[PDB]
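Each chain gets a letter, A, B and so on, in the order the sequences are listed, and its residues count up from 1. For ligands, and for the atoms within them, numbers begin at 1 and follow the listed sequence.
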Amino acid sequence: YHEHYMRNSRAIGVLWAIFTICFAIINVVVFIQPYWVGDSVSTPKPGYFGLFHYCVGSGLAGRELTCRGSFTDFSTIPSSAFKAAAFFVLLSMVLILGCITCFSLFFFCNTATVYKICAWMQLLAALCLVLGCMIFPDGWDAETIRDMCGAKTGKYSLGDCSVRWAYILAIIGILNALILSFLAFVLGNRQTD
Amino acid sequence: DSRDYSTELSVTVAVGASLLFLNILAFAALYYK
Amino acid sequence: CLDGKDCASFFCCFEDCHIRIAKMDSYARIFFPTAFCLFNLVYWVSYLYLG
Ligand SMILES: CCCCCCCC/C=C\CCCCCCCC(=O)O[C@H](COC(=O)CCCCCCCCCCCCCCC)COP(=O)(O)OC[C@@H](O)CO
Ligand SMILES: CCCCCCCCCCCC(=O)OC[C@H](COP(=O)([O-])O)OC(=O)CCCCCCCCCCC
Ligand SMILES: CC(C)CCC[C@@H](C)[C@H]1CC[C@H]2[C@@H]3CC=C4C[C@@H](O)CC[C@]4(C)[C@H]3CC[C@]12C
Ligand SMILES: CCCCCCCCCCCCCCCC(=O)O
Ligand SMILES: CCCCCCCCCC
Ligand SMILES: CCCCCCCCCC
Ligand SMILES: [Cl-]
């Protein structure tokens, strides 16, 4: 029974590491790509906006997407809520990359201790992502977002614009991060047996 | 460009469901004593 | 309390912990290159491909 126990624990640990890497990839992708919200058929102008970057059309029956915004210059970010959401998603990315670094501790430190360390780090990343996703809709009152979407758009209200793949992927990232946090906790308490 | 995002959200939700199902299978393998 | 373990023991670490402080060189030897490699990977990928 003990060898099956060890084999299952090792396999589930490897799978947990793989899914942690996948969630880190997801976190990086949702942080970078500006496809959180986007235009619709009834929108006055086309385009999209992410956490800090955003592209908007000129409005002459073509693409002509003028793009502006950069996290390395907070002056270009439309709103303080957008700044806070971008900062929180960045903090979540830093935390999950910190766990991926802490994978190295398995050589030396106790396996249960390392599992608990990444359990707490992944949980904190999940809270950071949750805070970012709650704070990001707060900034839809900004003048640029109102110009892009319409007058009906407002705080905590899509209006004419629609959620795109990055926002729902961030929600999926929250779910995956919380799940991996509990998985790490159970693995850490399982290694001691 | 058609400004309809249906297949995009569908594939995103499908990939997310696959990942989440794998992690729930991880919980299953753990909690199955 | 599905385990019924005390939550602080189940989740947190009051057991043992620091004591393992002399091995910080051994930890750093692997930690710092890994952190730098991860930083370089994310940085270059983000600036070259994703944006
Ligand atoms: C693009 C980004 C790529 C991500 C790159 C991530 C790489 C980051 C750097 C180093 C990883 C270090 C992993 C080393 C794990 C080595 C673990 C090991 O040696 O085997 C045993 C099992 O451990 C365990 O179950 C823990 C298992 C750890 C699993 C983590 C390593 C798997 C990485 C698989 C790569 C997948 C990539 C695919 C991405 C698409 C523990 O030993 P041991 O009993 O003697 O100790 C007992 C104690 O008394 C003293 O250590
Ligand atoms: C230039 C690179 C040189 C690599 C040399 C590889 C030697 C590998 C042998 C295994 C490591 C080992 O057991 O000895 C060194 C230390 C532990 O030493 P000790 O004081 O416990 O006896 O082990 C450690 O505590 C940390 C070992 C880290 C090895 C290298 C990590 C990757 C570095 C990336 C360089 C870019
Ligand atoms: C120390 C280890 C564990 C974590 C390292 C985290 C690294 C990968 C983080 C920290 C700060 C991050 C950067 C912060 C801001 C920006 C601007 C954005 O427009 C592109 C991504 C970019 C350039 C980020 C890339 C990833 C980054 C460099
Ligand atoms: C010894 C390990 C070091 C790990 C860090 C390696 C980072 C090297 C980066 C060198 C500059 C890369 C420039 C790339 C330009 C390009 O992609 O076209
Ligand atoms: C294919 C997109 C790759 C984005 C970078 C992923 C980095 C994962 C953490 C090192
Ligand atoms: C075990 C105590 C470690 C204290 C580290 C202090 C770091 C100071 C950074 C300014
Ligand atoms: Cl930027």
Quick one: look up the protein heavy atom nearest [atom] and list residue, atom name and how far away it is.
atom: atom 36 (C) of ligand 2; answer: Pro33(C) CB, 4.6 Å
atom: atom 9 (C) of ligand 5; answer: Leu97(A) CD2, 3.8 Å
atom: atom 21 (O) of ligand 2; answer: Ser26(C) OG, 4.4 Å
atom: atom 16 (C) of ligand 2; answer: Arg29(C) NH1, 3.9 Å
atom: atom 8 (C) of ligand 5; answer: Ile25(A) CG1, 3.5 Å
atom: atom 15 (C) of ligand 4; answer: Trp44(C) CZ3, 4.6 Å
atom: atom 2 (C) of ligand 5; answer: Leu50(C) CD1, 4.2 Å
atom: atom 2 (C) of ligand 4; answer: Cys37(C) SG, 4.9 Å
atom: atom 3 (C) of ligand 5; answer: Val45(C) CG1, 3.9 Å

Item to check | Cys149(A) and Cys161(A) SG atoms under 2.5 angstrom apart | outcome: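 Taking the criterion (SG atoms under 2.5 Å apart), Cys149(A) and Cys161(A) satisfy it, so yes.
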Checklist entry - Can the SG atoms of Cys7(C) and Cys1(C) be said to lie under 2.5 Å from each other? => result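 Not so, these two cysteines form no disulfide.
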Less than 4.0 Å between [atom] and some protein heavy atom, yes or no?
atom: atom 6 (C) of ligand 5; answer: yes
atom: atom 13 (C) of ligand 4; answer: yes
atom: atom 18 (O) of ligand 4; answer: no
atom: atom 5 (C) of ligand 4; answer: yes

Parallel under 30°, tilted from 30 to 60°, perpendicular over 60°: which one fits the rings of [X] and [Y]?
X: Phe103(A); Y: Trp16(A); result: tilted
X: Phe11(C); Y: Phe185(A); result: perpendicular
X: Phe182(A); Y: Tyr31(B); result: perpendicular

Next on the checklist: Distance under 4.0 Å to a non-hydrogen atom of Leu41(C): what atoms of ligand 5 satisfy this?
Outcome noted: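 Selected atoms, number and element: 10 (C).
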Item to check | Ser80(A) OG to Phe87(A) CZ distance, which is reported to the nearest 0.5 Å | outcome: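 Answer for the OG-CZ pair, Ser80(A) versus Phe87(A), is 14.0 Å.
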Item to check | For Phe36(C), the ligand 4 atoms whose distance to one of its heavy atoms is below 4.0 Å | outcome: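 The list of qualifying atoms is 5 (C).
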Checklist entry - For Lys45(A) and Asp39(A), what are the C-alpha separation, side-chain angles and deciding distance, and is it a salt bridge (charged side-chain N to carboxylate O under 4.0 Å, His left out)? => result CA-CA 7 Å; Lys45(A) 298 164 71 64; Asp39(A) 54 16; over 6 Å; no
Next on the checklist: Under 4.0 Å from a heavy atom of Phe108(A): which atoms of ligand 2 are those, numbered in the order shown and with their elements?
Outcome noted: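 Listed by number with element, the hits are 24 (C), 25 (O), 26 (C).
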Checklist entry - Against heavy atoms of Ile30(C), which atoms of ligand 2 measure under 4.0 Å? => result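 That gives atoms 31 (C) of ligand 2.
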Item to check | Considering all heavy atoms, the nearest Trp120(A)-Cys12(C) contact | outcome: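 Scanning both residues, the minimum pair turns out to be NE1-CA, 3.9 Å.
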Checklist entry - Is the shortest distance from a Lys or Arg side-chain nitrogen in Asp141(A) or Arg146(A) to a carboxylate oxygen in the other one below 4.0 Å? => result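 Here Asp141(A) does not pair with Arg146(A) in a salt bridge, since their nearest N and O are not under 4.0 Å apart.
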Checklist entry - Among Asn40(C), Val45(C), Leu48(C), whose heavy atom sits nearest atom 7 (C) of ligand 4? => result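 Looking at heavy atoms only, the winner is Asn40(C).
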